[PDB]
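K.L.:
After the structure tokens below, expect a handful of questions from me.
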Amino acid sequence: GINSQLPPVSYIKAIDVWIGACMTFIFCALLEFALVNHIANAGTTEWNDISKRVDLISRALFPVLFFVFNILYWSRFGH
Amino acid sequence: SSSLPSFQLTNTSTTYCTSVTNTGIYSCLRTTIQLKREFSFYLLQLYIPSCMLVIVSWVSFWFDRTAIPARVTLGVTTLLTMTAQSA
Ligand SMILES: CC[C@H](C)[C@H]1O[C@]2(CC[C@@H]1C)C[C@@H]1C[C@@H](C/C=C(\C)[C@@H](O[C@H]3C[C@H](OC)[C@@H](O[C@H]4C[C@H](OC)[C@@H](O)[C@H](C)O4)[C@H](C)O3)[C@@H](C)/C=C/C=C3\CO[C@@H]4[C@H](O)C(C)=C[C@@H](C(=O)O1)[C@]34O)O2
Ligand SMILES: *[C@@H]1O[C@H](CO)[C@@H](O)[C@H](O)[C@H]1NC(C)=O
Ligand SMILES: CCCCCCCCCCC
Ligand SMILES: CCCCCCCC
């Protein structure tokens with residue numbers, strides 16, 4: 001939608017950095033699902049509680065990292 | 001070149017195009033510019049997002065074969081999206 005009202009250029013716009021970043025956060029979410037679900041069905045309980053651990057870490061890591069991103073992004077382009 | 005963002009004027013030439021018509025032979029000049037299409041846009045708006053889309057279709061190879069609803073949802077979504085992007 002946004003990229004359609006723009007002329008094709010030769011440089012990377014600050015808008016691209018922000019779209020591409022959010023895109024990654026959601027892509028890594030999917031990856032996380034796969035990782036969690038894959039080591040979850042593994043027979044041993046060794047992997048199973050690791051699976052649980054991955055979620056716990058994600059529930060906090062993702063927000064924290066996205067917040068860190070925002071801070072870096074806005075200081076860099078909001079100037 | 002600064003008012004021409006989408007392309008890059010790589011080369012120019014100056015030639016003649018004198019032609020013989022039914023009403024006579026008319027002298028003619030021809031200036032030619034060569035336009036090279038900027039790639040950055042198509043990299044970011046076509047190739048990158050398609051690889052990212054194809055790569056997503058792969059993360060379903062790591063879901064247990066029992067949970068096929070997850071696999072289909074991935075493969076089908078990425079496929080549909082691929083269509084839209086092409087359109
Ligand atoms: C990285 C691609 C894979 C598939 C990943 O994609 C995702 C997640 C999944 C994969 C891991 C999603 C993807 C973004 C990337 C993450 C990319 C960034 C955060 C930024 O870019 C990186 C890499 C980039 O170099 C590829 C690099 O530029 C260098 C090298 C280049 O030359 C090789 C050169 O030109 C340049 C001058 O300097 C850059 C500095 O930094 C960010 C710029 C990317 C934005 C991407 C997009 C913005 O809108 C696009 C489109 O409207 C859409 C719908 C999808 C987006 C997307 O496709 O989102 C999109 O295309 O991750
Ligand atoms: C520009 O330069 C190259 C090399 O001289 C040549 O092959 C090409 O025909 C030129 N283009 C124009 C339109 O003059
Ligand atoms: C010990 C784990 C605590 C996780 C807290 C997650 C909070 C996420 C809020 C996102 C807005
Ligand atoms: C600029 C890309 C940031 C991606 C962070 C992903 C964290 C899960």
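In the structure tokens, each chain is lettered A, B, ... as it comes, each chain's residues begin at 1, and ligands are numbered from 1 in order of appearance.
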Select the residues contacting ligand 1 at a distance of at most 7 Å, based on only C-alpha atoms and all ligand atoms, then format the selection as a PyMOL selection string.
P.N.:
(chain A and resi 3+11-12+16-17+19-21+23-24+27) or (chain B and resi 40+44-45+48-49+51-52+55)
K.L.:
Can you write out the residues you just picked, keeping N, CA, C and O atoms, as a short mmCIF file (atom, residue, chain, number, x, y, z; two decimals), in the first residue's frame?
P.N.:
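Final file, out-v4.cif:
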```
data_model
loop_
_atom_site.label_atom_id
_atom_site.label_comp_id
_atom_site.auth_asym_id
_atom_site.auth_seq_id
_atom_site.Cartn_x
_atom_site.Cartn_y
_atom_site.Cartn_z
N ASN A 3 4.17 1.48 -0.43
CA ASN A 3 5.18 1.42 -1.50
C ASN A 3 4.62 1.68 -2.90
O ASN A 3 5.39 1.89 -3.84
N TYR A 11 17.90 3.87 -3.63
CA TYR A 11 18.39 3.81 -2.26
C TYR A 11 17.39 3.17 -1.31
O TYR A 11 16.21 3.01 -1.64
N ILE A 12 17.86 2.81 -0.12
CA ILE A 12 16.99 2.23 0.89
C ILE A 12 16.39 3.33 1.76
O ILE A 12 17.10 4.10 2.40
N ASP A 16 11.62 1.48 4.53
CA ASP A 16 11.97 0.11 4.20
C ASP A 16 12.57 -0.59 5.42
O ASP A 16 12.24 -1.74 5.71
N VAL A 17 13.45 0.10 6.12
CA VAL A 17 14.08 -0.45 7.32
C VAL A 17 13.02 -0.86 8.33
O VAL A 17 13.14 -1.90 8.98
N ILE A 19 9.63 -1.43 7.80
CA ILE A 19 8.78 -2.50 7.30
C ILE A 19 9.52 -3.83 7.40
O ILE A 19 8.99 -4.82 7.91
N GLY A 20 10.75 -3.84 6.90
CA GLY A 20 11.56 -5.04 6.88
C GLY A 20 11.84 -5.59 8.27
O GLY A 20 11.96 -6.80 8.46
N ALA A 21 11.96 -4.70 9.24
CA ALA A 21 12.23 -5.11 10.61
C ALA A 21 11.03 -5.81 11.21
O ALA A 21 11.13 -6.94 11.68
N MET A 23 8.68 -7.11 9.75
CA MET A 23 8.53 -8.33 8.97
C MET A 23 9.34 -9.46 9.59
O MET A 23 8.88 -10.60 9.68
N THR A 24 10.55 -9.14 10.02
CA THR A 24 11.44 -10.12 10.63
C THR A 24 10.88 -10.63 11.95
O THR A 24 10.88 -11.84 12.20
N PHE A 27 8.37 -13.05 11.20
CA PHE A 27 8.97 -14.22 10.58
C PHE A 27 9.62 -15.09 11.65
O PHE A 27 9.52 -16.32 11.61
N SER B 40 17.26 -1.46 -7.23
CA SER B 40 16.97 -1.44 -5.80
C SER B 40 15.50 -1.67 -5.48
O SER B 40 15.17 -2.38 -4.53
N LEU B 44 13.89 -5.02 -3.49
CA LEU B 44 13.15 -4.91 -2.25
C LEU B 44 11.66 -5.25 -2.37
O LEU B 44 11.05 -5.71 -1.42
N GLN B 45 11.09 -5.02 -3.55
CA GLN B 45 9.65 -5.16 -3.72
C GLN B 45 9.23 -6.43 -4.46
O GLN B 45 8.04 -6.70 -4.60
N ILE B 48 13.41 -10.01 -2.80
CA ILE B 48 13.50 -10.22 -1.36
C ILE B 48 12.21 -10.83 -0.80
O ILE B 48 12.25 -11.89 -0.19
N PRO B 49 11.06 -10.17 -1.03
CA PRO B 49 9.80 -10.65 -0.45
C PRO B 49 9.36 -12.01 -1.00
O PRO B 49 8.58 -12.69 -0.35
N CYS B 51 11.63 -14.52 -1.90
CA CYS B 51 12.49 -15.47 -1.22
C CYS B 51 11.98 -15.67 0.19
O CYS B 51 11.88 -16.79 0.69
N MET B 52 11.65 -14.56 0.84
CA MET B 52 11.09 -14.59 2.18
C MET B 52 9.80 -15.40 2.20
O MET B 52 9.47 -16.04 3.19
N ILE B 55 10.85 -19.18 1.53
CA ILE B 55 11.50 -19.69 2.73
C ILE B 55 10.47 -20.06 3.80
O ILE B 55 10.64 -21.04 4.52
#
```
K.L.:
For region 11-20 of chain B, work out the shell of residues within 7 Å, counting only C-alpha atoms and skipping chain neighbours fewer than 2 positions away, then give it as number ranges by chain.
P.N.:
B: 9, 24-34
K.L.:
Output as a PyMOL selection string the set of chain B residues within 10 Å of chain A, with distances taken over only C-alpha atoms.
P.N.:
chain B and resi 4-8+37-42+44-45+48-49+52-53+55-56+59-64+67+70+74
K.L.:
Counting only C-alpha atoms and all ligand atoms, name the residues that have an atom within 9 Å of an atom of ligand 3; the answer should be given as a count of residues only.
P.N.:
9
K.L.:
Of the residues A:50, A:5, A:26, A:15, which is the one nearest to ligand 4, using only C-alpha atoms and all ligand atoms?
P.N.:
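Between A:50, A:5, A:26, A:15, the residue approaching ligand 4 most closely is A:26.
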K.L.:
Mind listing the alpha helix (DSSP H) residues of chain A, per DSSP on the backbone, as a compact mmCIF listing (two decimals) with N, CA, C and O atoms, in the first residue's frame?
P.N.:
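part.txt was written with the following content:
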```txt
# COMPACT_ATOMS: atom_id res chain seq x y z
N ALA A 14 14.05 4.94 4.90
CA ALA A 14 13.84 4.64 6.31
C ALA A 14 12.57 3.84 6.51
O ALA A 14 12.44 3.09 7.47
N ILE A 15 11.62 4.01 5.59
CA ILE A 15 10.37 3.26 5.62
C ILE A 15 10.64 1.77 5.38
O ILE A 15 9.98 0.91 5.96
N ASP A 16 11.62 1.48 4.53
CA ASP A 16 11.97 0.11 4.20
C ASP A 16 12.57 -0.59 5.42
O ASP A 16 12.24 -1.74 5.71
N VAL A 17 13.45 0.10 6.12
CA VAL A 17 14.08 -0.45 7.32
C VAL A 17 13.02 -0.86 8.33
O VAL A 17 13.14 -1.90 8.98
N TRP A 18 11.98 -0.04 8.46
CA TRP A 18 10.96 -0.28 9.47
C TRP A 18 9.98 -1.38 9.08
O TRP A 18 9.55 -2.16 9.92
N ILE A 19 9.63 -1.43 7.80
CA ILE A 19 8.78 -2.50 7.30
C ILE A 19 9.52 -3.83 7.40
O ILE A 19 8.99 -4.82 7.91
N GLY A 20 10.75 -3.84 6.90
CA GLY A 20 11.56 -5.04 6.88
C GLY A 20 11.84 -5.59 8.27
O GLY A 20 11.96 -6.80 8.46
N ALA A 21 11.96 -4.70 9.24
CA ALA A 21 12.23 -5.11 10.61
C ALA A 21 11.03 -5.81 11.21
O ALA A 21 11.13 -6.94 11.68
N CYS A 22 9.88 -5.14 11.20
CA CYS A 22 8.65 -5.72 11.71
C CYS A 22 8.39 -7.06 11.04
O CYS A 22 7.95 -8.01 11.67
N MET A 23 8.68 -7.11 9.75
CA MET A 23 8.53 -8.33 8.97
C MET A 23 9.34 -9.46 9.59
O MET A 23 8.88 -10.60 9.68
N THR A 24 10.55 -9.14 10.02
CA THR A 24 11.44 -10.12 10.63
C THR A 24 10.88 -10.63 11.95
O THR A 24 10.88 -11.84 12.20
N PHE A 25 10.42 -9.72 12.79
CA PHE A 25 9.85 -10.08 14.09
C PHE A 25 8.72 -11.10 13.95
O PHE A 25 8.57 -11.99 14.78
N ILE A 26 7.93 -10.96 12.90
CA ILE A 26 6.82 -11.87 12.66
C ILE A 26 7.34 -13.17 12.02
O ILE A 26 6.81 -14.25 12.28
N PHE A 27 8.37 -13.05 11.20
CA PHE A 27 8.97 -14.22 10.58
C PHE A 27 9.62 -15.09 11.65
O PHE A 27 9.52 -16.32 11.61
N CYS A 28 10.29 -14.45 12.61
CA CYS A 28 10.94 -15.18 13.69
C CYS A 28 9.92 -15.79 14.64
O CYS A 28 10.20 -16.80 15.29
N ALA A 29 8.75 -15.18 14.72
CA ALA A 29 7.66 -15.75 15.49
C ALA A 29 7.31 -17.12 14.93
O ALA A 29 7.27 -18.11 15.66
N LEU A 30 7.05 -17.18 13.62
CA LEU A 30 6.79 -18.44 12.95
C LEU A 30 7.90 -19.45 13.22
O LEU A 30 7.63 -20.57 13.64
N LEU A 31 9.14 -19.04 12.97
CA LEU A 31 10.28 -19.90 13.24
C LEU A 31 10.22 -20.45 14.65
O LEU A 31 10.49 -21.63 14.88
N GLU A 32 9.86 -19.60 15.60
CA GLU A 32 9.77 -20.00 16.99
C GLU A 32 8.73 -21.11 17.16
O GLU A 32 8.99 -22.10 17.84
N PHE A 33 7.57 -20.95 16.53
CA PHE A 33 6.53 -21.97 16.58
C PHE A 33 7.09 -23.31 16.12
O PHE A 33 6.95 -24.32 16.80
N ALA A 34 7.73 -23.30 14.95
CA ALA A 34 8.31 -24.51 14.39
C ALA A 34 9.33 -25.13 15.35
O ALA A 34 9.28 -26.33 15.63
N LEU A 35 10.26 -24.32 15.83
CA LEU A 35 11.26 -24.79 16.78
C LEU A 35 10.60 -25.44 17.99
O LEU A 35 10.90 -26.58 18.33
N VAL A 36 9.70 -24.71 18.63
CA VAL A 36 9.01 -25.20 19.81
C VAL A 36 8.28 -26.51 19.54
O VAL A 36 8.45 -27.49 20.26
N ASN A 37 7.46 -26.53 18.49
CA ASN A 37 6.66 -27.70 18.16
C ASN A 37 7.48 -28.92 17.75
O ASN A 37 7.06 -30.06 17.95
N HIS A 38 8.66 -28.67 17.19
CA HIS A 38 9.51 -29.76 16.71
C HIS A 38 10.22 -30.48 17.86
O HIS A 38 10.28 -31.71 17.88
N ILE A 39 10.74 -29.72 18.81
CA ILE A 39 11.43 -30.30 19.96
C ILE A 39 10.45 -30.69 21.06
O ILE A 39 10.85 -31.21 22.10
N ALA A 40 9.17 -30.44 20.82
CA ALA A 40 8.13 -30.76 21.80
C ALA A 40 7.67 -32.20 21.66
O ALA A 40 7.51 -32.91 22.66
N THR A 45 11.68 -36.27 27.65
CA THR A 45 11.22 -35.09 28.38
C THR A 45 12.34 -34.06 28.44
O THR A 45 12.12 -32.91 28.85
N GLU A 46 13.53 -34.47 28.04
CA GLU A 46 14.69 -33.59 28.01
C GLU A 46 14.44 -32.41 27.07
O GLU A 46 14.71 -31.26 27.42
N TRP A 47 13.91 -32.70 25.89
CA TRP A 47 13.60 -31.67 24.92
C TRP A 47 12.28 -30.98 25.24
O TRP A 47 12.12 -29.79 25.00
N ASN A 48 11.34 -31.74 25.80
CA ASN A 48 10.00 -31.23 26.07
C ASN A 48 9.98 -30.00 26.97
O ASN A 48 9.28 -29.03 26.68
N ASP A 49 10.73 -30.03 28.06
CA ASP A 49 10.79 -28.88 28.96
C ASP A 49 11.67 -27.76 28.41
O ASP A 49 11.57 -26.61 28.84
N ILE A 50 12.53 -28.10 27.44
CA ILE A 50 13.27 -27.09 26.69
C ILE A 50 12.30 -26.32 25.80
O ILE A 50 12.38 -25.10 25.67
N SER A 51 11.38 -27.06 25.19
CA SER A 51 10.30 -26.48 24.40
C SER A 51 9.54 -25.44 25.22
O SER A 51 9.31 -24.32 24.77
N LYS A 52 9.15 -25.83 26.43
CA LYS A 52 8.45 -24.93 27.34
C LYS A 52 9.29 -23.69 27.62
O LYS A 52 8.78 -22.57 27.64
N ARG A 53 10.59 -23.90 27.83
CA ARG A 53 11.51 -22.82 28.16
C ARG A 53 11.58 -21.79 27.03
O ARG A 53 11.64 -20.58 27.28
N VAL A 54 11.57 -22.27 25.79
CA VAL A 54 11.66 -21.40 24.63
C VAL A 54 10.52 -20.39 24.59
O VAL A 54 10.73 -19.22 24.28
N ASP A 55 9.31 -20.84 24.92
CA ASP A 55 8.16 -19.95 24.98
C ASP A 55 8.34 -18.88 26.05
O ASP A 55 8.19 -17.69 25.78
N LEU A 56 8.67 -19.32 27.26
CA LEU A 56 8.87 -18.40 28.38
C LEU A 56 9.83 -17.28 27.99
O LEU A 56 9.56 -16.10 28.25
N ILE A 57 10.94 -17.65 27.36
CA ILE A 57 11.94 -16.67 26.94
C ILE A 57 11.38 -15.76 25.85
O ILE A 57 11.60 -14.55 25.88
N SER A 58 10.66 -16.34 24.91
CA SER A 58 10.10 -15.58 23.80
C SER A 58 9.10 -14.53 24.28
O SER A 58 9.13 -13.38 23.83
N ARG A 59 8.22 -14.93 25.19
CA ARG A 59 7.19 -14.04 25.71
C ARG A 59 7.76 -12.72 26.20
O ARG A 59 7.04 -11.72 26.27
N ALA A 60 9.04 -12.72 26.55
CA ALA A 60 9.69 -11.51 27.06
C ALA A 60 10.72 -10.97 26.07
O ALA A 60 10.79 -9.77 25.83
N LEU A 61 11.51 -11.87 25.50
CA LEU A 61 12.58 -11.49 24.59
C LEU A 61 12.05 -10.69 23.40
O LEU A 61 12.60 -9.64 23.05
N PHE A 62 10.99 -11.19 22.77
CA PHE A 62 10.40 -10.52 21.62
C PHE A 62 10.02 -9.07 21.91
O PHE A 62 10.51 -8.15 21.26
N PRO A 63 9.14 -8.85 22.91
CA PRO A 63 8.77 -7.48 23.24
C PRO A 63 10.00 -6.62 23.54
O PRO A 63 10.14 -5.53 22.98
N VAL A 64 10.87 -7.11 24.41
CA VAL A 64 12.07 -6.36 24.77
C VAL A 64 12.89 -5.98 23.54
O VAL A 64 13.29 -4.84 23.39
N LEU A 65 13.11 -6.95 22.66
CA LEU A 65 13.89 -6.70 21.45
C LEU A 65 13.21 -5.72 20.51
O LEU A 65 13.86 -4.85 19.93
N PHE A 66 11.89 -5.85 20.36
CA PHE A 66 11.13 -4.95 19.51
C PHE A 66 11.17 -3.53 20.06
O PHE A 66 11.21 -2.56 19.30
N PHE A 67 11.14 -3.41 21.38
CA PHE A 67 11.25 -2.13 22.04
C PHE A 67 12.63 -1.53 21.80
O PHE A 67 12.76 -0.35 21.49
N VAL A 68 13.66 -2.36 21.94
CA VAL A 68 15.03 -1.94 21.66
C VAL A 68 15.13 -1.45 20.22
O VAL A 68 15.77 -0.44 19.94
N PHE A 69 14.49 -2.18 19.31
CA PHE A 69 14.49 -1.78 17.91
C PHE A 69 13.88 -0.40 17.73
O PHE A 69 14.49 0.47 17.12
N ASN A 70 12.67 -0.22 18.25
CA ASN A 70 12.01 1.08 18.19
C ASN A 70 12.92 2.21 18.63
O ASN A 70 13.05 3.23 17.95
N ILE A 71 13.57 2.03 19.78
CA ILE A 71 14.47 3.05 20.31
C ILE A 71 15.58 3.38 19.32
O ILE A 71 15.83 4.55 19.03
N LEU A 72 16.24 2.35 18.80
CA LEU A 72 17.30 2.55 17.81
C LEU A 72 16.76 3.19 16.53
O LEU A 72 17.36 4.12 15.99
N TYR A 73 15.62 2.70 16.07
CA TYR A 73 15.01 3.20 14.84
C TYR A 73 14.69 4.68 14.92
O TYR A 73 15.10 5.47 14.07
N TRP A 74 13.96 5.07 15.96
CA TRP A 74 13.47 6.43 16.08
C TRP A 74 14.58 7.44 16.33
O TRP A 74 14.51 8.58 15.87
N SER A 75 15.61 7.04 17.06
CA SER A 75 16.73 7.93 17.31
C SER A 75 17.52 8.14 16.03
O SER A 75 18.16 9.17 15.85
N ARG A 76 17.44 7.16 15.13
CA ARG A 76 18.21 7.19 13.89
C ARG A 76 17.51 7.97 12.78
O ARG A 76 18.17 8.61 11.96
N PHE A 77 16.18 7.94 12.77
CA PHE A 77 15.42 8.54 11.68
C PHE A 77 14.47 9.65 12.11
O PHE A 77 14.02 10.44 11.28
```
K.L.:
Looking at B:10, B:66, B:77, B:57, which one is nearest to ligand 2, with distances taken over only C-alpha atoms and all ligand atoms?
P.N.:
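Answer, going by the shortest atom-to-atom distance: B:10.
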K.L.:
Would you please give, as a ChimeraX atom specification, all residues of region 20-65 of chain B that DSSP assigns to strand (DSSP E or B) based on the backbone?
P.N.:
/B:20,25-26,29-37
K.L.:
What is the atom 13 (C, counted along the ligand's line) of ligand 2 to CA of residue 3 (chain B) distance in Å?
P.N.:
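Distance reported for this atom pair: 19.4 Å.
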K.L.:
CA of residue 78 (chain B) to CA of residue 54 (chain B): how many Å, to one decimal?
P.N.:
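About the pair CA of residue 78 (chain B) and CA of residue 54 (chain B): they are 7.1 Å apart.
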